[PDB]
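In the form deposited in one PDB entry, a lone chain appears below as structure tokens.
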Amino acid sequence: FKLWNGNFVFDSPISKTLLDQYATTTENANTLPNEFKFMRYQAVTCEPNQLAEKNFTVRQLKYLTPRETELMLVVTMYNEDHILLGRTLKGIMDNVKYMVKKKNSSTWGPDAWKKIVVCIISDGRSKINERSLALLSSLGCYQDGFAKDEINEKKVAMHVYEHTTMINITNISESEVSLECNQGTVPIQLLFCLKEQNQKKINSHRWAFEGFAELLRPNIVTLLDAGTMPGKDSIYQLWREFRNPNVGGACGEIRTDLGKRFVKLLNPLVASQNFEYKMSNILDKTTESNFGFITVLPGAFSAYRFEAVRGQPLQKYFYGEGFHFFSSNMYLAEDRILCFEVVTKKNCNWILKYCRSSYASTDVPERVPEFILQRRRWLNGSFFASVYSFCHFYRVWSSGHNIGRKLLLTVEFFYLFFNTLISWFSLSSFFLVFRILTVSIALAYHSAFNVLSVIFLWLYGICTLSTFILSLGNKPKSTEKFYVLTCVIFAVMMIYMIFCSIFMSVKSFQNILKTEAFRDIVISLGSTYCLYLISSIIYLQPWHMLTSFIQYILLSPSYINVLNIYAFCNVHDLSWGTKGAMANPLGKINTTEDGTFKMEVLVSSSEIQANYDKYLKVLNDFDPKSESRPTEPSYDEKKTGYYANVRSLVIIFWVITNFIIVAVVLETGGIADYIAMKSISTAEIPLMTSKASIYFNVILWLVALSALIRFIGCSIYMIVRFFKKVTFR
């Protein structure tokens, strides 16, 4: 063969069984376009940054009339099953089919399938699922065979497969995938590109944004994840948000999958997450979109404009530039930095908008060990992305917005840090609320309320201590039975804490009709629970305020005492290092010959004496006077020693600054003794002071105050969207 400009570009045909299916579609089975009956293979053996410099090309450039690209759909995966992968492909194909049948459109039409380009980017050739790859092979986009790993002393970086198929999935069952090819199917051009070795996930986005997108030059770049299934017309609704030239990014809403006939609602750990997803798409995202800055939830469905993300925003996302705090830990925020660098771009004005008429369902974990490992990634990233934004809020004023937008963004950057500070102090708030409430009901009614207030404290301190020891030196998959018991214990504590307040409040009412507990039934149940229901009704989805609202309350104590403790003890996921310097000089003959053969035996007396004097000389030049610097750690074992130091300094500052709040309200830590000894000179300790009644009201005023802003923000968004709908109708 004659390789093309130093590159191995091969062109193979397809199976005979597959071509016959395509032949039935046309009205004359004699000829077919070359794009429908071939599969271009090529090896890259270079970097994604210099893909266009090494005379590399894609299949879209070399046409009689060059094709333009309007949407580039990226779909990353890593050893997912062949059922999770099919769900995303089925959702993608239906949207493309929908966008073809549009009658009146200046962009889309009956020949609009030449714009969308699907791009699957797998990770690792030895880690991809065996069954998932067979699904791609059944679509005509994979052929076993050519896997050249090197070309002229150049290891290949990644393999590129590409083909324009005409088979789209019809129905995904629980154990089967239905494939069909009829007159009502649209062709989908695939660009399956498989990587060689495992390189995390940020490198996968580097192969797309800096790689193929640099050759195709699309308008919009949409990000997906294997498992997420877009809706019937979710692709089209998200594309309509770029009508005005100010938007530089968008995302829809994400929903949980309830199985078949709503069967997955009996699980207390699935119904709990069904209420948390709803309350995040109704109270938080709308309020963030009002100002003009949003952060996409993990697993969601997002799209960026390729003109906005080009240059500085992409330079500080991939590389980001030692061992400095804001440069070495910045990978923990995932892509939340990309959303922040777009709004604050110099001499430009881009805003992020939240679309509501585009949804994407997904599955959720149903076991406890698997559910803890997932939130570990979310919490560590949502905590660092708000500390980075607050310390760099001055960069908004160097942008190109007007005067109103800058002031509106500065307020939101403070309102987010206030929410972060509330969540940082939530470990010492729950204990104080639990302790000032059980004691206060024992000083008023006695009876059996005196022993129950001592059993629950010891049952709390034992479960809290065991979570710190099992998170610093153990895995959550080994000891699975203990976490379930801890969750049940916390749920029971929550039930008792709820009952005590109702009892005290009803007694207070009966003793004044026939105060800390008087306004406790007025602000924590009348102004917090009512606004949630009103906001849900306004959002026109009021069917989750009774379905799965009880289960979320019982698992509330396990969101701040089992999930925050594990997420802070595992920040960087270090691995130290073993290595080893095996003796390179080895394999001295094999003596395979049974006998006779003597090989080479040194008998040279002079050589023997030279060797003996060569070992005798080593003991001479030993003087340690010039003490050389000890062998410093490489670079891979010295960076690990830095991740272990910035992680032990966060656990200490999180425990010490939370115990100070407890030793100012409860007068623990030896402070009450100090007052008593000061009072015995000019001698006893009260059980409860007056500082436990001021604090018990402040921590409940902030809870209902933060639920008041989320209602005004949710209502303004709907009011504006209703007028937009009326005007555009």
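Residues that one form lacks are left out of the comparison. Start at 1 with the first residue shown and count on from there. Rigid core: the largest C-alpha set superposing within 1.5 Å between the two forms.
A second form of this protein, the form solved in complex with a small molecule, is not displayed here; the remarks below concern that form.
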### Message
Quick check on this chain: which one of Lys598, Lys103, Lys200, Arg261 has a heavy atom within 4.5 Å of the small molecule in the entry with it bound?
### Response
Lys200
### Query
Heavy atom within 4.5 Å of the small molecule in the entry with it bound: which of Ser132, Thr164, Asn570, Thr362?
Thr362
### Query
Counting only non-hydrogen atoms and a 4.5 angstroms cut-off, does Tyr612 reach the small molecule in the entry with it bound?
no
### Query
Counting only non-hydrogen atoms and a 4.5 angstroms cut-off, does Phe146 reach the small molecule in the entry with it bound?
no
### Query
Can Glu241 be called a contact residue for the small molecule in the entry with it bound at 4.5 Å between heavy atoms?
no
### Query
Using heavy atoms and a 4.5 Å limit, would one call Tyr415 a contact residue for the small molecule in the entry with it bound?
no
### Query
Since the chain is shown here on its own, which stretch among 312 to 320, 147 to 155, 296 to 304, 337 to 345 would lie within 4.5 Å of the small molecule in the entry with it bound, judged by heavy atoms?
296 to 304
### Query
So which residue among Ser426, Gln609, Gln199, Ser357 shifts its CA at least 2 Å between the shown form and the other one once the core is superposed?
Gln609
#### Entry: Rigid core superposition, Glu600 Cα moves 2 angstroms or more between the shown form and the other one
yes
### Task
Once the core is aligned, please say if the CA of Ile589 is shifted by at least 2 angstroms between the shown form and the other one.
yes
### Message
My question is whether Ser524 is one of the residues whose C-alpha shifts by 2 Å or more between the shown form and the other one, given a fit on the rigid core.
### Response
yes
### Message
Give me the residue ranges between the shown form and the other one where at least 3 consecutive Cα atoms each move 2 Å or more, fitting on the core only.
### Response
295 to 300, 519 to 526, 589 to 622
